[PDB]
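Presented as structure tokens, the chain that follows is alone, the form deposited in one PDB entry.
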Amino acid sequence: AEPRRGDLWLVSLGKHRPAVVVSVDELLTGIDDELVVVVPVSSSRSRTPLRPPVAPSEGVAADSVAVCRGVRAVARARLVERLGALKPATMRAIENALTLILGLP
């Protein structure tokens, strides 16, 4: 459990694709089977209020968007390597989109 919230990580599924860690750091115990919640990042989908943009300086090879509607818990073991970290503004956009999607106060 080297992933951190706000990090951008390469995820297994054979394909590897990037995703942003959104679960909080104090959940991690360092075992492979534990669940980490990530938001997939795609460079082939257009930008919307629920798909905020992610820049190459944050770890992707090309202009990407965070598909917050595709949020999912994956096993630690599926996180293959660290790619970068997101700017705090991008994290606030993802938090807002996610607040909308899940109907939270």
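Don't overthink the numbering: it's just position in the shown sequence, from 1.
Another form, the form deposited with a partner chain bound, is not on view; read the next lines as being about it.
At a distance threshold of 4.5 angstroms between non-hydrogen atoms, residue 55 is out of contact with its partner chain in the deposited complex. Taking non-hydrogen atoms only, residue 80 never approaches its partner chain to within 4.5 angstroms in the deposited complex. Its partner chain is not shown here, but in the deposited complex it comes within 4.5 Å of a heavy atom of residue 11. A residue is said to contact a partner when one of its heavy atoms sits within 4.5 Å of a partner heavy atom; residue 74 meets this definition for its partner chain in the deposited complex.
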